[PDB]
Each structure stands twice: as structure tokens, then as C-alpha cells.
file protein_10.cif (mmCIF, C-alpha atoms)
data_entry
loop_
_atom_site.label_atom_id
_atom_site.label_comp_id
_atom_site.auth_asym_id
_atom_site.auth_seq_id
_atom_site.Cartn_x
_atom_site.Cartn_y
_atom_site.Cartn_z
CA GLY A 1 -13.17 13.50 -1.93
CA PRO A 2 -9.53 13.30 -0.72
CA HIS A 3 -7.77 9.95 -0.82
CA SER A 4 -4.48 8.83 0.68
CA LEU A 5 -1.88 6.09 0.42
CA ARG A 6 -0.02 5.55 3.72
CA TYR A 7 2.60 3.11 5.01
CA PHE A 8 3.20 2.56 8.74
CA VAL A 9 6.64 1.08 9.41
CA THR A 10 7.81 -0.15 12.81
CA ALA A 11 11.17 -1.61 13.83
CA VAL A 12 11.49 -2.95 17.39
CA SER A 13 14.73 -4.31 18.83
CA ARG A 14 14.58 -7.19 21.32
CA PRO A 15 18.00 -7.92 22.89
CA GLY A 16 18.62 -11.58 23.70
CA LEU A 17 15.71 -12.67 21.51
CA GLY A 18 17.38 -12.35 18.10
CA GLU A 19 16.86 -9.89 15.24
CA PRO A 20 14.45 -6.93 15.59
CA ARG A 21 10.80 -7.39 14.64
CA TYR A 22 9.99 -5.52 11.43
CA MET A 23 6.50 -4.66 10.14
CA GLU A 24 5.07 -2.62 7.26
CA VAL A 25 1.33 -1.94 6.96
CA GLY A 26 -0.23 -0.17 3.97
CA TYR A 27 -3.53 1.72 3.84
CA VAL A 28 -5.61 3.31 1.08
CA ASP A 29 -7.92 5.64 3.05
CA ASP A 30 -9.22 3.77 6.12
CA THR A 31 -8.62 0.40 4.46
CA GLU A 32 -5.73 -1.98 5.25
CA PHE A 33 -4.67 -3.41 1.87
CA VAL A 34 -1.13 -4.83 2.28
CA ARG A 35 1.09 -6.08 5.10
CA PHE A 36 4.59 -7.47 5.82
CA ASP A 37 5.70 -9.10 9.10
CA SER A 38 9.23 -10.42 9.69
CA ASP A 39 8.06 -12.78 12.44
CA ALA A 40 5.84 -14.55 9.92
CA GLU A 41 6.67 -18.18 9.07
CA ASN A 42 7.32 -17.11 5.49
CA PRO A 43 7.90 -13.31 5.36
CA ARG A 44 6.38 -11.91 2.16
CA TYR A 45 4.30 -8.83 1.40
CA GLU A 46 0.74 -10.16 1.39
CA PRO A 47 -2.64 -8.74 0.24
CA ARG A 48 -5.27 -7.78 2.84
CA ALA A 49 -8.01 -6.56 0.52
CA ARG A 50 -9.67 -8.79 -2.05
CA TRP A 51 -9.24 -6.23 -4.85
CA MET A 52 -5.46 -6.65 -4.66
CA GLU A 53 -5.84 -9.98 -6.50
CA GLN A 54 -5.56 -7.94 -9.72
CA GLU A 55 -1.81 -7.54 -9.20
CA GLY A 56 0.47 -10.01 -10.94
CA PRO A 57 3.14 -12.12 -9.23
CA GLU A 58 5.88 -9.64 -10.19
CA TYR A 59 4.20 -7.10 -7.91
CA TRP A 60 4.52 -9.28 -4.82
CA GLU A 61 8.06 -10.26 -5.71
CA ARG A 62 9.09 -6.62 -6.01
CA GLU A 63 7.37 -5.52 -2.79
CA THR A 64 8.92 -8.44 -0.87
CA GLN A 65 12.46 -7.74 -2.10
CA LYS A 66 11.92 -4.11 -1.17
CA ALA A 67 10.73 -4.92 2.38
CA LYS A 68 13.63 -7.25 3.15
CA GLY A 69 15.90 -4.40 2.09
CA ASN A 70 14.09 -2.01 4.42
CA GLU A 71 14.44 -4.52 7.26
CA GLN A 72 18.23 -4.59 7.03
CA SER A 73 18.37 -0.80 6.70
CA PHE A 74 16.46 -0.42 10.00
CA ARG A 75 18.61 -2.93 11.91
CA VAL A 76 21.49 -0.55 11.22
CA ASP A 77 19.39 2.42 12.38
CA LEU A 78 18.73 0.73 15.72
CA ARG A 79 22.49 0.40 16.21
CA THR A 80 23.23 3.99 15.15
CA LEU A 81 20.62 5.52 17.45
CA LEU A 82 22.21 3.78 20.47
CA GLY A 83 25.38 5.67 19.60
CA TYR A 84 23.66 9.03 19.13
CA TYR A 85 21.96 8.74 22.52
CA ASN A 86 24.76 6.98 24.43
CA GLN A 87 22.45 4.06 25.26
CA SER A 88 23.30 0.44 26.07
CA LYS A 89 22.91 -2.65 23.88
CA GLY A 90 20.65 -4.24 26.47
CA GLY A 91 17.36 -2.38 26.14
CA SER A 92 14.48 -2.64 23.67
CA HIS A 93 13.98 0.37 21.38
CA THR A 94 11.48 1.41 18.72
CA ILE A 95 11.59 3.37 15.44
CA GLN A 96 8.28 4.32 13.75
CA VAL A 97 7.72 5.94 10.34
CA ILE A 98 4.70 7.23 8.38
CA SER A 99 4.97 8.10 4.68
CA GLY A 100 2.22 9.05 2.29
CA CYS A 101 0.51 11.20 -0.30
CA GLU A 102 -3.03 12.60 -0.53
CA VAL A 103 -4.98 13.45 -3.68
CA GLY A 104 -8.24 15.30 -4.33
CA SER A 105 -11.34 14.26 -6.29
CA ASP A 106 -9.61 15.07 -9.60
CA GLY A 107 -6.59 12.97 -8.68
CA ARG A 108 -4.08 15.78 -8.34
CA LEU A 109 -1.62 15.88 -5.42
CA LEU A 110 -2.66 17.70 -2.25
CA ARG A 111 0.42 16.92 -0.13
CA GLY A 112 3.12 14.41 0.80
CA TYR A 113 4.78 13.56 4.11
CA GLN A 114 7.30 11.38 5.97
CA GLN A 115 7.92 11.40 9.73
CA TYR A 116 10.21 9.48 12.05
CA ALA A 117 9.97 8.83 15.79
CA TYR A 118 12.31 7.10 18.26
CA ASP A 119 10.88 5.50 21.41
CA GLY A 120 7.56 7.28 20.86
CA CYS A 121 9.06 10.73 20.38
CA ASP A 122 9.41 12.89 17.29
CA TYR A 123 12.80 12.57 15.64
CA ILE A 124 12.92 14.17 12.16
CA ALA A 125 10.23 15.13 9.64
CA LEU A 126 9.97 16.36 6.07
CA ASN A 127 8.68 19.92 5.85
CA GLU A 128 5.64 20.93 3.81
CA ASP A 129 7.86 22.30 1.02
CA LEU A 130 9.03 18.72 0.53
CA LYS A 131 12.55 20.11 0.29
CA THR A 132 13.82 20.62 3.83
CA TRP A 133 13.93 18.64 7.08
CA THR A 134 13.20 19.58 10.69
CA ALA A 135 14.85 17.86 13.65
CA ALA A 136 13.37 17.45 17.11
CA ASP A 137 16.72 17.18 18.94
CA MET A 138 20.53 17.17 18.87
CA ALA A 139 20.72 13.62 17.49
CA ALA A 140 18.24 14.32 14.69
CA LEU A 141 20.49 17.26 13.76
CA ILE A 142 23.24 14.78 12.85
CA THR A 143 20.87 12.90 10.52
CA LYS A 144 19.55 16.19 9.05
CA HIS A 145 23.09 17.17 8.09
CA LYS A 146 23.88 13.72 6.57
CA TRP A 147 20.65 13.81 4.55
CA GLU A 148 21.27 17.33 3.24
CA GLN A 149 24.70 16.45 1.86
CA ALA A 150 23.48 13.21 0.26
CA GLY A 151 20.43 14.89 -1.28
CA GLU A 152 17.79 12.55 0.11
CA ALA A 153 14.84 14.98 -0.05
CA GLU A 154 15.04 15.07 -3.86
CA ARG A 155 14.79 11.29 -4.16
CA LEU A 156 11.96 11.10 -1.63
CA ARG A 157 10.12 13.99 -3.31
CA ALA A 158 10.24 12.10 -6.62
CA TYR A 159 8.36 9.28 -4.90
CA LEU A 160 5.71 11.29 -3.01
CA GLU A 161 4.94 13.37 -6.09
CA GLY A 162 5.07 10.67 -8.73
CA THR A 163 5.10 7.00 -7.81
CA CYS A 164 2.89 7.43 -4.72
CA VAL A 165 0.35 9.51 -6.68
CA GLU A 166 0.17 7.25 -9.75
CA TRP A 167 -0.16 4.03 -7.76
CA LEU A 168 -2.82 5.59 -5.52
CA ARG A 169 -4.92 6.41 -8.59
CA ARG A 170 -4.54 2.82 -9.76
CA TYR A 171 -5.66 1.35 -6.42
CA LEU A 172 -8.79 3.52 -6.33
CA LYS A 173 -9.64 2.34 -9.83
CA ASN A 174 -9.05 -1.40 -9.34
CA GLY A 175 -10.80 -1.29 -5.98
CA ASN A 176 -13.43 1.42 -6.55
CA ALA A 177 -16.31 -0.89 -5.61
CA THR A 178 -14.79 -1.18 -2.16
CA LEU A 179 -12.99 2.16 -1.77
CA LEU A 180 -15.66 4.34 -3.37
CA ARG A 181 -18.72 2.82 -1.67
CA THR A 182 -20.75 4.51 1.07
CA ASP A 183 -22.42 2.60 3.90
CA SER A 184 -25.06 4.51 5.85
CA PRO A 185 -25.04 4.27 9.67
CA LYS A 186 -27.80 2.52 11.64
CA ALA A 187 -28.39 4.21 14.99
CA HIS A 188 -30.12 3.46 18.31
CA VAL A 189 -30.15 4.70 21.93
CA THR A 190 -29.75 2.79 25.22
CA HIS A 191 -30.86 3.73 28.77
CA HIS A 192 -28.92 3.04 31.98
CA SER A 193 -29.95 4.13 35.48
CA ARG A 194 -27.58 5.75 37.99
CA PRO A 195 -27.74 6.97 41.61
CA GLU A 196 -29.22 10.38 42.50
CA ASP A 197 -32.11 10.13 40.00
CA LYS A 198 -29.99 10.37 36.84
CA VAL A 199 -29.50 8.25 33.74
CA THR A 200 -26.92 7.58 31.03
CA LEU A 201 -28.28 7.91 27.49
CA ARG A 202 -25.98 6.38 24.88
CA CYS A 203 -26.34 6.89 21.15
CA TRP A 204 -24.82 4.27 18.86
CA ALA A 205 -23.94 4.60 15.17
CA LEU A 206 -23.18 1.25 13.48
CA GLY A 207 -21.80 -0.29 10.31
CA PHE A 208 -20.93 2.86 8.35
CA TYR A 209 -18.24 3.78 5.79
CA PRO A 210 -16.14 5.92 5.34
CA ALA A 211 -15.04 6.32 8.95
CA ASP A 212 -15.74 10.07 9.12
CA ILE A 213 -18.96 10.86 10.96
CA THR A 214 -20.41 13.37 13.43
CA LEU A 215 -22.49 12.27 16.43
CA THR A 216 -23.98 14.98 18.67
CA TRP A 217 -26.45 15.26 21.55
CA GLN A 218 -28.83 18.21 21.70
CA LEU A 219 -31.03 20.04 24.18
CA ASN A 220 -32.98 23.22 23.30
CA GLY A 221 -31.27 23.06 19.91
CA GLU A 222 -27.88 23.62 21.55
CA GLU A 223 -25.35 20.88 20.80
CA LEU A 224 -24.19 19.77 24.27
CA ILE A 225 -20.51 19.37 23.36
CA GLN A 226 -19.04 20.04 26.83
CA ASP A 227 -21.09 17.53 28.80
CA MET A 228 -20.89 14.51 26.50
CA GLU A 229 -18.85 11.30 26.57
CA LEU A 230 -17.47 9.95 23.30
CA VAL A 231 -15.25 7.15 21.89
CA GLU A 232 -12.88 7.32 18.92
CA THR A 233 -14.32 5.81 15.75
CA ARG A 234 -13.28 2.17 15.54
CA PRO A 235 -13.21 -0.74 13.02
CA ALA A 236 -15.83 -3.44 13.58
CA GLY A 237 -14.04 -6.36 11.90
CA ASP A 238 -15.75 -6.38 8.51
CA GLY A 239 -14.51 -3.17 6.93
CA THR A 240 -17.02 -0.84 8.58
CA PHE A 241 -16.86 1.36 11.68
CA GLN A 242 -18.91 2.16 14.79
CA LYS A 243 -19.07 4.90 17.44
CA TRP A 244 -21.10 6.04 20.46
CA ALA A 245 -21.71 9.21 22.49
CA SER A 246 -23.44 9.42 25.86
CA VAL A 247 -25.02 12.04 28.10
CA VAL A 248 -26.20 11.87 31.74
CA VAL A 249 -29.63 13.48 32.18
CA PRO A 250 -32.13 14.16 35.02
CA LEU A 251 -34.51 11.23 35.57
CA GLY A 252 -37.73 11.70 33.63
CA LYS A 253 -36.22 14.43 31.45
CA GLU A 254 -34.99 11.99 28.79
CA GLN A 255 -37.35 13.06 25.95
CA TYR A 256 -35.86 16.57 26.10
CA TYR A 257 -32.66 15.26 24.49
CA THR A 258 -31.98 14.10 20.92
CA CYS A 259 -29.11 12.48 19.04
CA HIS A 260 -28.06 13.70 15.58
CA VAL A 261 -26.08 11.63 13.11
CA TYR A 262 -24.29 13.28 10.16
CA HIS A 263 -22.54 11.12 7.55
CA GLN A 264 -21.93 11.37 3.80
CA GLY A 265 -24.26 8.39 3.35
CA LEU A 266 -27.22 10.27 4.79
CA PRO A 267 -29.16 12.73 2.56
CA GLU A 268 -30.65 14.17 5.73
CA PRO A 269 -29.26 13.63 9.28
CA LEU A 270 -30.78 11.08 11.63
CA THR A 271 -32.46 12.41 14.76
CA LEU A 272 -33.08 9.95 17.58
CA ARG A 273 -34.86 10.11 20.91
CA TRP A 274 -35.13 7.29 23.44
CA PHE B 1 3.46 0.73 -3.77
CA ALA B 2 5.78 1.01 -0.78
CA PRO B 3 8.81 3.30 -0.62
CA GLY B 4 12.27 1.73 -0.60
CA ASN B 5 15.82 3.03 -0.25
CA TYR B 6 15.01 4.41 3.21
CA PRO B 7 18.15 6.47 3.94
CA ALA B 8 20.18 5.40 6.98
CA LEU B 9 19.96 7.72 10.00
CA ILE C 1 7.54 6.11 26.25
CA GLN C 2 5.22 3.92 28.34
CA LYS C 3 1.46 4.21 27.81
CA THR C 4 -1.20 1.95 29.33
CA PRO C 5 -3.55 0.23 26.81
CA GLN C 6 -7.27 0.98 26.61
CA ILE C 7 -9.32 -2.18 26.01
CA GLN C 8 -12.70 -1.94 24.28
CA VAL C 9 -14.81 -5.06 23.67
CA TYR C 10 -17.84 -4.93 21.34
CA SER C 11 -19.73 -6.73 18.58
CA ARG C 12 -20.41 -5.81 14.93
CA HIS C 13 -24.20 -6.19 15.24
CA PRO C 14 -26.52 -5.91 18.27
CA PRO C 15 -26.50 -9.37 19.94
CA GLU C 16 -29.17 -11.84 18.83
CA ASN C 17 -28.83 -15.28 20.39
CA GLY C 18 -28.49 -17.70 17.50
CA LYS C 19 -27.45 -15.30 14.74
CA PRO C 20 -23.75 -15.19 13.73
CA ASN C 21 -21.82 -12.05 14.66
CA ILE C 22 -18.25 -10.68 15.01
CA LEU C 23 -16.63 -9.99 18.38
CA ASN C 24 -13.94 -7.30 18.53
CA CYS C 25 -11.31 -6.32 21.06
CA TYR C 26 -9.75 -2.97 20.21
CA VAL C 27 -6.55 -2.23 22.14
CA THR C 28 -5.50 1.40 21.86
CA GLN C 29 -2.95 4.01 22.99
CA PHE C 30 -0.08 1.90 24.27
CA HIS C 31 3.70 1.96 24.09
CA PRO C 32 5.99 -0.04 23.84
CA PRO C 33 4.42 -2.22 21.10
CA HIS C 34 5.14 -5.43 23.05
CA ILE C 35 1.68 -6.82 23.88
CA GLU C 36 -0.20 -10.13 24.32
CA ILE C 37 -3.92 -10.21 23.48
CA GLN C 38 -6.25 -13.15 24.08
CA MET C 39 -9.96 -13.61 23.49
CA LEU C 40 -11.90 -16.06 25.65
CA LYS C 41 -15.18 -17.94 25.60
CA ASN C 42 -16.12 -19.33 29.01
CA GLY C 43 -12.54 -19.08 30.24
CA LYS C 44 -11.07 -20.94 27.28
CA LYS C 45 -8.87 -19.31 24.65
CA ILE C 46 -10.43 -18.87 21.22
CA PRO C 47 -8.05 -20.21 18.51
CA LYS C 48 -9.46 -18.63 15.33
CA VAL C 49 -8.64 -15.00 16.15
CA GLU C 50 -7.56 -12.47 13.52
CA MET C 51 -5.30 -9.49 14.25
CA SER C 52 -5.68 -6.44 12.00
CA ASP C 53 -5.95 -2.65 11.61
CA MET C 54 -2.55 -2.00 13.17
CA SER C 55 -1.49 1.64 13.19
CA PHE C 56 -0.42 4.48 15.49
CA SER C 57 -1.83 7.92 16.23
CA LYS C 58 -0.34 11.44 16.17
CA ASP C 59 1.34 10.89 19.53
CA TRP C 60 2.84 7.67 18.14
CA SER C 61 0.90 5.33 20.47
CA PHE C 62 -0.14 1.96 18.99
CA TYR C 63 -3.61 0.73 17.92
CA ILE C 64 -4.47 -2.91 17.14
CA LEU C 65 -7.65 -4.88 16.51
CA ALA C 66 -8.39 -8.50 17.41
CA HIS C 67 -11.57 -10.14 16.09
CA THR C 68 -13.33 -13.46 15.66
CA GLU C 69 -16.75 -14.68 14.52
CA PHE C 70 -19.33 -15.86 17.05
CA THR C 71 -22.99 -16.73 17.56
CA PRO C 72 -24.17 -15.45 20.96
CA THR C 73 -26.15 -17.53 23.44
CA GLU C 74 -27.75 -16.40 26.70
CA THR C 75 -25.31 -18.45 28.83
CA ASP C 76 -21.89 -17.95 27.17
CA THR C 77 -19.57 -15.21 28.41
CA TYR C 78 -16.81 -13.53 26.40
CA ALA C 79 -13.79 -11.49 27.43
CA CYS C 80 -10.49 -10.10 26.20
CA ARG C 81 -7.37 -10.59 28.36
CA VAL C 82 -4.36 -8.30 27.75
CA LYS C 83 -0.78 -8.38 29.04
CA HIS C 84 1.41 -5.28 28.71
CA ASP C 85 4.53 -4.03 30.54
CA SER C 86 2.58 -1.09 31.95
CA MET C 87 0.46 -3.36 34.15
CA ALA C 88 1.39 -5.57 37.12
CA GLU C 89 -1.16 -8.22 36.21
CA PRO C 90 -3.04 -9.12 32.99
CA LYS C 91 -6.28 -7.18 32.55
CA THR C 92 -9.51 -9.00 31.59
CA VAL C 93 -12.40 -7.04 30.09
CA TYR C 94 -15.76 -8.81 29.76
CA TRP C 95 -18.11 -8.18 26.88
CA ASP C 96 -21.10 -6.12 28.04
CA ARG C 97 -24.01 -7.04 25.78
CA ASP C 98 -26.31 -4.50 27.44
CA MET C 99 -24.10 -1.43 26.86
#
call {"tool": "encode", "arguments": {"input": "protein_10.cif", "output": "C-alpha cells"}}
result
Amino acid sequence: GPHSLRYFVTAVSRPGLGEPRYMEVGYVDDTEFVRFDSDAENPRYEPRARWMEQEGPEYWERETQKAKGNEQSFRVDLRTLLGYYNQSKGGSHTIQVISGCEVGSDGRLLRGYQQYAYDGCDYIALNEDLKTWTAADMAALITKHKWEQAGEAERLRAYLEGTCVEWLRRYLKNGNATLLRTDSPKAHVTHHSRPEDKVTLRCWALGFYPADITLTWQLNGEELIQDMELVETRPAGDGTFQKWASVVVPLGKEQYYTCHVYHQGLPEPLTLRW
Amino acid sequence: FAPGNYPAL
Amino acid sequence: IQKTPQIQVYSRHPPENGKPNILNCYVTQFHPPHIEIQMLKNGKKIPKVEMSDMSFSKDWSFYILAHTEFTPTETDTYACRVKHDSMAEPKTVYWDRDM
């Protein structure tokens, strides 16, 4: 299946409270594996997945030196952006970035990407061709021009295509027991009464992995997609995920509805009834 | 393996 | 951009009084990232609380998970209290074990 290596970077200024807070979080698929926080007592890139213990001390020294470099780089960016937007030095501002690469089952590259945002709004992003940039506004146009003359896309492309890909393959190998496992969901339904002779049927899917799953409610074989409440899949604290979907039905008509659970850890879908 | 040399805006 | 946080409180396994479990407080879709999250047991703050799974969605809004271990009882009550600049007063969400 596809696999990805992603890094979420966030730089937040905080006038009057010192230097900006800087954080970097790394993920291999839906699994947090590394993290860096500048507010930490002792800021160092630390492991978040047990399989990362296979990396020598020179790994952590390199990643930490790198992060501290990124931190300074972003402090500058927060100053520059105030200029571009004619803003004051008194407010708090945020820069977010996502960078990554995705590979297929055979380990070849599917795609690479890097996107920036300022104050929760798109700023500049690398195009699919991995050669050109696209700016969301006038300010981003200034950066686009600077980056085109300095030839940044070629350096970045070297990373997304090589380094990112090769290290991703290594992580999947060293941590295959964790990253290549499959936990099957365990489902159940709950009943809650409401006014006007109606009820809320909720179907729960628990402790599964990977995060991708499909939960549907059915009546007469038709998947009731319009009239169905649902929550985004969420982590449950131990590396697995959970999700639920509910439907309000006429009192005493409960048995006419069923819940179907589709997941790669299920040879045949689960069908539940209350 | 995190990226470095993030170009300045 | 200012987005109000969604607070979801739930456990890893279906509650069984006496068996250990994990209590989660998932705070999603908020901006700015400035936020204070607290987990409580009978009105007192739980000290051993881990923060993880930090990320942001397509619209750039933040996601963060707070979790701690716990063994339910039929008389203890749990809740997650959150403070964010999009709300006048801190919001408390109680764990609904019958959901």
C-alpha cells in the first residue's frame, strides 16, 4: 500500500514573552515517530516510536543541529512577513509548513510536496511538477521571485525524490512490525431514546489500524449517507483509532437498520444490528 | 529524516 | 484565522469498573495554536497527562490529543477543561460513559 513520510512545522511568535515557539513533528503514515519542541527543558529531537531505538547517537545529534538551524531561519521569516504585510511588532503570528513524500508498495516515489501558510491561510506551495511554485497573494509573489532566482526548487526536489524516499524505506523496514501490522476493528451499537418516538442508533468501531475505514448505515440495502451523523477518525492513545456513526430512526423500527464495517483487516465486512 | 536549509521567505 | 476548538472525550475500551483503561481528550479544528488543556478527576487536575498526535488539517486548523491511563469506578467523574482565545470562559466537557 502507499506509505508517506511527513513533517509538520509550526512557528508561533509571542511578543513580550520572548522568542517564538518552534515545533517539528514527524510521521510515517498515521504514526508519530519523532518530535522537537523549543519550549522543552532541553530541546532535542526525540523518538516517539519504540522502533526508533535502532538509530545511533549520530542520528539524534544531526537532527537536533538541523532543527535549531530551522528555528533561527523561521524567526527571520516572522520578521520578514510583518514587512510584507505592513503589520505591527505587537501581534502574535503563525507560519505552518508540511513537507513529504509518498511511495507505493514497491517503494517507488508517487509524489512529493511542500506547502506554507501564514496565519492559517495558504501562502506558497510547490507544484506537482516539483519544479515551479504557486503563490496565494501579492506577498507570496515576492518570495516566489526570490526562490526562482536562487534555484530553491532544485535543492528541495533532490530531497523529496532522494533523501525522503530512501529514509522512508528504511523506517518501514526497521519498524515493519509496527508500521506493517493490521488491527481489526471491534464494533458494537448503542441505543438512546429521544422525544417524538424516535431513537439514536450509534455504531462504534474500536481499536483498529491503519486509520482508514468505512462505516455505513443501511436500510433496504441503500446506504443512508445523507441522514447519518459521523465523527472524524481519531487516535485512542495506544496507537490505534476509533470512530462512530449514528442514525435517528422511528421507535420500534430499529431492526430494519444495519451497520457495515469495511477495513483492510476484515476478510468480510462486519454487519451489526442492535 | 527531516528537511533542513529551509529557504528564507 | 480564529477557529473554535471541538472537544471530544472518550476511552480506549468500553468502561469496565476495575479494569485499567485510557482516557482521551481530542481537541480539534482551532486557530491560533495557543491553547490550555486540562484533564480532571473529581474536580482535581490529573498530573500524569501525555500530549501527542499534534498536526493540522487541509484548512490548516490544529489537532492535538491529550491522554492518561485510568481505571473507572461507578462514582468517579472525569472531564476535560479547555481554554482558548475564541471563548469567553473555559469549556468543560464531561466524559459520557453511556454514549
call {"tool": "atom_distance", "arguments": {"input": "protein_10.cif", "atom1": "atom CA of residue A:124", "atom2": "atom CA of residue A:144"}}
result
7.6 Å
call {"tool": "atom_distance", "arguments": {"input": "protein_10.cif", "atom1": "atom CA of residue A:35", "atom2": "atom CA of residue A:23"}}
result
7.5 Å
call {"tool": "closest_residue", "arguments": {"input": "protein_10.cif", "among": "C:89, C:74, C:16, C:50", "to": "chain A", "atoms": "all atoms listed in the file"}}
result
C:50
call {"tool": "interface_residues", "arguments": {"input": "protein_10.cif", "of": "chain C", "to": "chain A", "cutoff": "7 Å", "atoms": "all atoms listed in the file", "output": "ChimeraX atom specification"}}
result
/C:1,12,22,24,53,55,60-61,67
call {"tool": "residues_near_point", "arguments": {"input": "protein_10.cif", "point": "(-7.1, -7.0, 33.5)", "cutoff": "12 Å", "atoms": "all atoms listed in the file", "output": "list in words"}}
result
residues 4, 5, 6, 7, 8, 36, 37, 38, 79, 80, 81, 82, 83, 84, 86, 87, 88, 89, 90, 91, 92, 93 and 94 of chain C
call {"tool": "resolve_selection", "arguments": {"input": "protein_10.cif", "expression": "the PyMOL selection byres ((chain A) within 8 of (chain B))", "output": "VMD selection string"}}
result
chain A and resid 7 26 63 66 to 67 69 to 70 73 to 74 76 to 77 80 to 81 143 146 to 147 152 159 163 to 164 167
call {"tool": "resolve_selection", "arguments": {"input": "protein_10.cif", "expression": "the PyMOL selection byres ((chain C and resi 40-44) around 6)", "output": "VMD selection string"}}
result
chain C and resid 39 45 to 46 77 to 79
call {"tool": "atom_distance", "arguments": {"input": "protein_10.cif", "atom1": "atom CA of residue C:33", "atom2": "atom CA of residue A:22"}}
result
11.6 Å
call {"tool": "resolve_selection", "arguments": {"input": "protein_10.cif", "expression": "the PyMOL selection byres ((chain A and resi 213-221) around 9)", "output": "list in words"}}
result
residues 203, 204, 205, 208, 209, 210, 211, 212, 222, 223, 224, 225, 228, 230, 233, 243, 244, 245, 246, 247, 256, 257, 258, 259, 260, 261, 262, 263 and 264 of chain A
call {"tool": "closest_residue", "arguments": {"input": "protein_10.cif", "among": "A:186, A:253, A:194, A:155", "to": "residue A:265", "atoms": "all atoms listed in the file"}}
result
A:186
call {"tool": "closest_residue", "arguments": {"input": "protein_10.cif", "among": "A:100, A:162, A:43, A:250", "to": "residue A:195", "atoms": "only C-alpha atoms"}}
result
A:250
call {"tool": "residues_around", "arguments": {"input": "protein_10.cif", "residues": "residue C:72", "least_positions_apart": "5", "cutoff": "7 Å", "atoms": "all atoms listed in the file", "output": "list in words"}}
result
residues 15, 16, 17 and 18 of chain C
call {"tool": "axis_aligned_box", "arguments": {"input": "protein_10.cif", "around": "stretch 254-267 of chain A", "padding_each_side": "6 Å", "output": "lines of an AutoDock Vina configuration file"}}
result
center_x = -29.6
center_y = 12.5
center_z = 15.7
size_x = 27.4
size_y = 20.2
size_z = 38.2
call {"tool": "decode", "arguments": {"input": "protein_10.cif", "residues": "stretch 15-45 of chain C", "atoms": "C-alpha atoms", "output": "PDB file, in the first residue's frame"}}
result
ATOM      1  CA  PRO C  15     -15.703   1.156  30.509  1.00  0.00           C
ATOM      2  CA  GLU C  16     -15.414  -1.711  32.994  1.00  0.00           C
ATOM      3  CA  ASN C  17     -15.194  -0.600  36.609  1.00  0.00           C
ATOM      4  CA  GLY C  18     -11.949  -2.016  37.933  1.00  0.00           C
ATOM      5  CA  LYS C  19     -10.137  -2.694  34.658  1.00  0.00           C
ATOM      6  CA  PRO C  20      -7.408  -0.241  33.544  1.00  0.00           C
ATOM      7  CA  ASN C  21      -8.200   1.934  30.523  1.00  0.00           C
ATOM      8  CA  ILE C  22      -7.031   5.083  28.673  1.00  0.00           C
ATOM      9  CA  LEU C  23      -8.967   8.355  28.743  1.00  0.00           C
ATOM     10  CA  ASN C  24      -8.593  10.696  25.758  1.00  0.00           C
ATOM     11  CA  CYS C  25      -9.451  14.319  25.113  1.00  0.00           C
ATOM     12  CA  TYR C  26      -9.160  15.173  21.428  1.00  0.00           C
ATOM     13  CA  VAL C  27      -9.169  18.911  20.707  1.00  0.00           C
ATOM     14  CA  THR C  28      -9.684  19.677  17.028  1.00  0.00           C
ATOM     15  CA  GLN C  29     -10.106  22.460  14.457  1.00  0.00           C
ATOM     16  CA  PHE C  30      -8.781  25.506  16.261  1.00  0.00           C
ATOM     17  CA  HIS C  31      -6.624  28.511  15.433  1.00  0.00           C
ATOM     18  CA  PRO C  32      -4.488  30.209  16.786  1.00  0.00           C
ATOM     19  CA  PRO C  33      -2.463  27.315  18.296  1.00  0.00           C
ATOM     20  CA  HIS C  34      -2.420  28.962  21.745  1.00  0.00           C
ATOM     21  CA  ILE C  35      -4.420  26.568  23.955  1.00  0.00           C
ATOM     22  CA  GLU C  36      -4.589  25.227  27.534  1.00  0.00           C
ATOM     23  CA  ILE C  37      -5.926  21.695  28.066  1.00  0.00           C
ATOM     24  CA  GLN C  38      -6.592  20.068  31.435  1.00  0.00           C
ATOM     25  CA  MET C  39      -7.979  16.685  32.397  1.00  0.00           C
ATOM     26  CA  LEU C  40      -9.798  16.278  35.703  1.00  0.00           C
ATOM     27  CA  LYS C  41     -10.860  13.530  38.068  1.00  0.00           C
ATOM     28  CA  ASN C  42     -13.468  14.685  40.585  1.00  0.00           C
ATOM     29  CA  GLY C  43     -12.561  18.330  40.037  1.00  0.00           C
ATOM     30  CA  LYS C  44      -8.850  17.811  40.599  1.00  0.00           C
ATOM     31  CA  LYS C  45      -6.241  18.134  37.866  1.00  0.00           C
TER      32      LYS C  45
END
